[PDB]
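Accompanying notes for the structure given below.
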Amino acid sequence: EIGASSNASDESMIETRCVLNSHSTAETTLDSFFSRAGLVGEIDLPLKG
Amino acid sequence: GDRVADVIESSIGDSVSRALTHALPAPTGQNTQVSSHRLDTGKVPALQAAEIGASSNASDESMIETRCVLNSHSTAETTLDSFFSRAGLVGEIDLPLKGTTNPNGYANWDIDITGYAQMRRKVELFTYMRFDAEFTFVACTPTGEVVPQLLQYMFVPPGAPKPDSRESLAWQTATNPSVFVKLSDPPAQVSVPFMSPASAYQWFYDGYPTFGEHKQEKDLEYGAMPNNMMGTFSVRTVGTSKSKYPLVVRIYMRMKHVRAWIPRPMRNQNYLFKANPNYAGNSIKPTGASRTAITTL
Amino acid sequence: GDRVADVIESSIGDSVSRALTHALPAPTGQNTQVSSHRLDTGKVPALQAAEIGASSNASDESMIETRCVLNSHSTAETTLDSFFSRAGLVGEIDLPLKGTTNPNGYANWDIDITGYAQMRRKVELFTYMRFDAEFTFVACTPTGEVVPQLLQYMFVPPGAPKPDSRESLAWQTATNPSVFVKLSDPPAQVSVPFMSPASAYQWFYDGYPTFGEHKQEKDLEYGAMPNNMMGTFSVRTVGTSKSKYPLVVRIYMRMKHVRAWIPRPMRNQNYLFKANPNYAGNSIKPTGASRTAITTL
Amino acid sequence: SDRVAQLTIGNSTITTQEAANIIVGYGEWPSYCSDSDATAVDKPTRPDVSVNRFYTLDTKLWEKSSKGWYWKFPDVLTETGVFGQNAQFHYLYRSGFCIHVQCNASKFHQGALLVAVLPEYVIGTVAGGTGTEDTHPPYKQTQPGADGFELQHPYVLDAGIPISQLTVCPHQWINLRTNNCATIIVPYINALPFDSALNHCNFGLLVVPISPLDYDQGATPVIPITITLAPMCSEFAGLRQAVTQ
Amino acid sequence: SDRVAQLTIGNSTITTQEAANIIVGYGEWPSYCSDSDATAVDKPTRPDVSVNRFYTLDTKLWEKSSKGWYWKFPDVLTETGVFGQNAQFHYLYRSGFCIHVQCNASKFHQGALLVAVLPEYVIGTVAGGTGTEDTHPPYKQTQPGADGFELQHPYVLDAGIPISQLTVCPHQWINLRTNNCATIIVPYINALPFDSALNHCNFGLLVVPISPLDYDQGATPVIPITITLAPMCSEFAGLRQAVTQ
Amino acid sequence: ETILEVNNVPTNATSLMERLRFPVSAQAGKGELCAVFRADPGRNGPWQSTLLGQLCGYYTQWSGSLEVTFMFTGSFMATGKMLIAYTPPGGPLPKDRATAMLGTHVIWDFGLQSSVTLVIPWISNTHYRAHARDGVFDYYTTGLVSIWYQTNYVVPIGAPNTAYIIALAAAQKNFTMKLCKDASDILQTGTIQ
Ligand SMILES: Cc1nc(-c2ccc(OCCCCCN3CCN(c4ccnc(N)c4)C3=O)cc2)no1
Ligand SMILES: Cc1nc(-c2ccc(OCCCCCN3CCN(c4ccnc(N)c4)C3=O)cc2)no1
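Order-wise, the sequence lines are chains A, A', A'', B, B' and C. A prime marks a further copy of an entry chain.
Take the position in the first sequence, starting the count at 1, then add 50; the result is the number in the deposited numbering.
Mapping to the deposited numbering: the second sequence position 185 is 185, numbers consecutive.
Mapping to the deposited numbering: the third sequence position 272 is 272, numbers consecutive.
Take the position in the fourth sequence, starting the count at 1, then add 9; the result is the number in the deposited numbering.
Take the position in the fifth sequence, starting the count at 1, then add 9; the result is the number in the deposited numbering.
Take the position in the sixth sequence, starting the count at 1, then add 49; the result is the number in the deposited numbering.
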């Protein structure tokens, strides 16, 4: 009801092991998410239309 | 508390790989040393036992009389980069005018190196491979002629909408990559990372991908790991109307930054299918040549 | 090598019994201290919650006004030695002249305390017991008269030949113990160790001794652990011919060097059988007495 | 603080809001066996996750004319999980248990249970009623399974002993006004360091209503009772072929 | 010193008098997984005795017209022991193997086998013989069980690859004049730290006679071949209900 | 956290808000089934309502642990308990409550704290998982969630007999994504004019 997300984790609910995570978070940034070209317009210059 | 003794002396929890061997340098072949005659008992390098499954260790020095030879012959061209980083054909994509394959000006090609056997038989020496790559695209009509035409390429990863036509909406390529290029220009050419979820591309998977009662109608998924299907490669002639010119597109792969594992034997029978090691049974040709007599050349 | 971390921090191999409690001395009852009146909030010893399954902790001081009382009442007679080390009847062996039980001048008695309920109901308060013992034998004719007769006793352990007659060869007692004694002499009396393979005599075994398909014809072995059947006790009138006198032999057990475990409830229905907690169902008498009205004595 | 509780062992987890404190049977925690007490020489196995977790047995019903129940441990788990499929292979067994019981109800219902743990709870028959006829209890009343078995004469617990004195054992109540569960932890109770898991049955859980369930019409009549439990500090020894019984 | 050998792991034990040295496949020993390589968070289980011991599969026969055999690991043990009854529960699996092979004979017999270990030994059919007809191998040839499966075209190992080059793998021979057994130790060979035990089949043992058995009449014709093997450093993860296949 | 559409049976435009919550009513007490759903975010299903399942359309592979929070919109004078479970890959859909129990599971008592968190840890042979669908790409299936009754739904006189539960899907701090792409849902028919 407070409108905040949970805080429970794998450690405090079950039995885990040690895991040394090296997975980068660099491709979820905005430059790496938006700096990819895409179509935005078209302009026609026909002969007779 | 670990108060018992069988827990203290336990071998459990050993993240270390006990390695008997250890690598050494060898920028040149070995220098043959000098030897002389020996007429002793006990010492006997010739007599081996091969049941153990290890190779011999006898050498030129311990079997005959040699001289000193200072060998400077390099071993640099037998490496893997110097053996694999040589481009070869991996695919073909046709965009003809009127036919039956791909007449509507588009084509989808499933990314799979296993369609030409000069390059397949080099990689099938190994099992697991980890490599970057460098594709290269050569466009041409059937006559080899070069024509003023515009072309679009688009890497379609897994889970993305495959285009179904030339005037489709999947070609906006906002998030997917793409390559516009002409034929009057040189070949297109781009680089590729290691794109798998796993830690290596295995050219040989002994198993089924899914669980279930494996019936005979679902045996076509033997030897299929989806950690190698790296997606699809689309191509089309840009426009709203059909083109004036037929086209053919050839794809070359060049591997770099290579690491390999698990040597295993080499194909000797002709290839037939993809993702499938099958061979012709009524036409088992020997591994090599033949003759008439063991006592004669 | 234990190089992982989940093996280092592991709780496996803990031969220690984490005990919340710890014993204390109490040679006398507790001395009641002085108190006065209190008129505070929060503090409230009367209100308990018994759902937890723990007993109360309120005392005379914290409920009313008391005085100082220096209690010197000992707690030494409620111990187990001072509660169990009191002889009682455990068996009877008849050697009559002419009857049907044991007319041929010998008798075998299976060592089992569970045949008289004054002593059975004391031990059946506990489950596991570890005790030495001191048997005592009282011989007499039915009239109580004392007669000049010689007698032999012989402890027959498990796996030993039970005698089948008065003139048998099992009476040489080379390795077994024995007690010659007369009736004109006082009672015989000897000491006994803890003779079990286990670490305690359990008066209650919930299980079957053997493996198998437990059919209805082999349900008579429910509640039978052979770690309590400590053997057999034989007795006979010494001679080659029959005796002139009937006899009766009564056996008394006195426990000493006692240790007990596992308190549990106490019998309230009459005993019927041995090694068997059965009760009469149509005759379930209450635990105690009764009356006519809850509002009246 | 004393009401809310959580119980995390294994892959599993339990929550509860209206509870009470936790009990430790006979005042101490479970443990693995010492090298002094032990006698067997073979090295045990100690999985530590696949066996030491919460298993859920079966869900009873509590009417107004209910009398009681019992379950024998560790018979309840001899056909359930990697626990049971080890206990059939091996011959020797050692463990503790945590035991959690559920029964919920609203604030208009009333009742009380008694959740006790008795070691070596032998069952005794009625001797034909007359007293003379010797009988014995069948196999489905001494090892009834995970589906439990119902009492016929609960005032004597079917063994000639009153229920009035069952509180001297590790006990708890479920008074529906106050709480809705009972958590009991138990060590390994036996004279021998190891013992079989199929023949021997070390103790029995009992659930007997003292004050009967009652309510008024328009209210939910179905008042289930669920039994949850977890092995702890489980060892095994004497490997060989699997033995059902 | 190099001939006599003994192999003690678990409750079990092996002796042999006329043997050879021991091989370690691809030059290193088994191991448990590192906290860096691993990805899953759940705590595994590591029994260390009930699974890491010698199991004996089945006893073949070696006639004069024999061609060869293969077995897929670890499919051979998915219905055998506390090993198999863990591999059905869990989803993830990791292990090594020691592999011992038996074939005895007198000093008048002669022959030679080749005992090789090939990772990812896919099986390929004959394409109808003509080459055009696409087919696939059935389920009882890719996971044939503990009873093994016999080869039809051993010169190509039923996969388009010669047997002449099978020595580049971890190999041994059984020349009946010299030795009578072959001991091979293998680590866990896969690109992924954990992988299933039912679908995936990491490698295949092969036994192919090169020089055929021969003898003279009056001599014992039955020359069996027995296959013994032991897991090592076995881990499991992802607990749930048992899955046969 | 964003709302999860477990109740995705309706289609008509009047009853679309019914997707948000599933009910729980009063039953006998046999330990019976209420709902199921997969733990596959990028796959077609309940997870498309989320901001997580729509940001995994612009990225192929994923990793990390997930979390699914439930909430109870019933009356204060009601009680009950539930058995939430996570059945990892390989295993079929559980038929009874005594089979889903053998996996990762959570038990929750209705009370003041009107919510509970199930946690879907990372159980995989692979470090990463490309998205799943019917075919050979079920090699990357996450599993199943399977909700059950532990005791019953008890309620006194005067209150309603049926309640509603709301769910809330999200991720944990070890989630990652890579290999960006374009999604399948292209929200355009012809020309935006
Ligand atoms: C703009 C644009 N980008 C691109 C662009 C196009 C494609 C790319 O992926 C190149 C990845 C090469 C994948 C090579 N492997 C690995 C395993 N394997 C197989 C196949 C079949 N069977 C088996 N057993 C194994 C296989 O074939 C990257 C980039 N070009 O245009
Ligand atoms: C010379 C000579 N020596 C002796 C001489 C004779 C006998 C001796 O053993 C005395 C041991 C007392 C054994 C006492 N217990 C322990 C458990 N238990 C039972 C019995 C039946 N059911 C159950 N559930 C338990 C029982 O009855 C020692 C010495 N006398 O003569």
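A virtual CB, placed ideally from N, CA and C, is assigned to each residue, including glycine.
| query | result |
| --- | --- |
| On the DSSP bridge assignment, give the partners of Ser43 (chain B') in chain order. | None; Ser43 (chain B') has no bridge partner. |
| Tell me the rounded alpha-carbon separation between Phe106 (chain B') and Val126 (chain B'). | 11 Å |
| Grab the span of the beta strand (DSSP E) containing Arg103 (chain B) for me, first residue to last. | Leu101 to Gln111 |
| According to the Cβ coordinates, are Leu101 (chain B) and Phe245 (chain B) closer than 8 Å? | yes |
| From the DSSP output, read off the bridge partner residues of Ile23 (chain B'). | B':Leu16 |
| With 8 Å as the threshold, decide whether the Cβ of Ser85 (chain A) is near any Cβ in chain C. | no |
| Measuring CA to CA, which of C:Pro209, C:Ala75, C:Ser64 and C:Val194 is closest to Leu142 (chain C)? | C:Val194 |
| Check the DSSP bridge columns for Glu159 (chain B) and list the partner residues they point to. | B:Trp78 |
| Does any C-beta atom of chain A'' lie closer than 8 Å to the C-beta of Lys52 (chain B')? | yes |
| Counting only beta-carbon separations shorter than 8 Å, does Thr175 (chain A') have a partner in chain A? | yes |
| Return the Cβ separation of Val248 (chain A'') and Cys140 (chain A'') in integer angstroms, given the expectation that the two are a contact with Cβ distance under 8 Å. | 6 Å |
| What are the residues in the segment 5 to 26 of chain A'' lying within 7 Å of chain A by C-beta distance? | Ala5 and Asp6 |
| If we cut at 8 Å on Cβ distances, does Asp40 (chain A') have a partner in chain A''? | no |
| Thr75 (chain A) versus chain C: which residues are under 7 Å apart at the beta carbon? | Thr225 |
| Just checking, does the segment 75 to 89 of chain A'' make contact with the segment 42 to 54 of chain A'' on the three C-beta pairs under 8 Å criterion? | no |
| When the cut-off is 8 Å and only beta carbons count, does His176 (chain C) lie next to chain B'? | yes |
| Just checking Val190 (chain A'') against ligand 2 - is the residue's beta carbon closer than 7 Å to any of the ligand's heavy atoms? | yes |
| Nearer than 7 Å: is that true of the beta carbon of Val34 (chain A'') relative to any heavy atom of ligand 2? | no |
| Given this structure, state the Cα-to-Cα distance separating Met126 (chain C) from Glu54 (chain C), to the nearest angstrom. | 27 Å |
| Name the residue from A'':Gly53, A'':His257 and A'':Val147 whose alpha carbon lies nearest to the alpha carbon of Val192 (chain A''). | A'':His257 |
| Quick check: is any heavy atom of ligand 1 less than 7 Å from the C-beta of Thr114 (chain A')? | yes |
| Could you tell me whether the Cβ atoms of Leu238 (chain B) and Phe98 (chain B) are closer together than 8 Å? | no |
| Is it buried or exposed, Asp156 (chain B), if we count other Cβ atoms within 10 angstroms and call 16 or more buried? | exposed |
| Along the beta strand (DSSP E) that carries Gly93 (chain B'), what are the first and last residues, could you check? | Segment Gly90 to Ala96 is the alpha helix (DSSP H) holding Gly93 (chain B'); no beta strand (DSSP E) there. |
| Starting from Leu127 (chain B') and walking both ways along the beta strand (DSSP E), at which residues does that stretch end? | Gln119 to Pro128 |
| Closer than 7 Å by beta-carbon distance: list the chain B' residues that pair up with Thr136 (chain C), in chain order. | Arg249 |
| To which residues does DSSP link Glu92 (chain A'') through a beta bridge? | A'':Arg250 |
| Tell me, please, whether the CB atom of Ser104 (chain B') is closer than 8 Å to any CB atom in chain A? | no |
| What does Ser114 (chain C) touch in chain A if you count any residue whose Cβ is under 9 Å from its own? | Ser59 and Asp60 |
| Hey, would you say the C-beta of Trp203 (chain A') is under 7 Å away from at least one heavy atom of ligand 1? | yes |
| Please state if the CB of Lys274 (chain A'') and the CB of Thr101 (chain A'') are separated by a distance shorter than 8 Å. | no |
| What residues from chain B' crowd round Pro56 (chain B), counting only those whose CB sits closer than 7 Å? | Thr54 and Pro56 |
| Taking DSSP as the reference, what is the three-state secondary structure of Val194 (chain C)? | strand |
| Less than 8 Å between CB atoms is the rule here; does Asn20 (chain B) satisfy it with respect to chain A? | yes |
| Sorted by chain position, which residues of the same chain lie with C-beta nearer than 7 Å to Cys242 (chain B)'s C-beta, five sequence neighbours on each side aside? | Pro39, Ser40, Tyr41, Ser104 and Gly105 |
| Identify, in the order they occur along the chain, each residue of the same chain with its Cβ nearer than 7 Å to the Cβ of residue 299 (chain A''), setting aside the five sequence neighbours on each side. | Past the boundaries of the shown model lies residue 299 (chain A''); chain A'' is included only from 1 to 297, so the question cannot be answered. |
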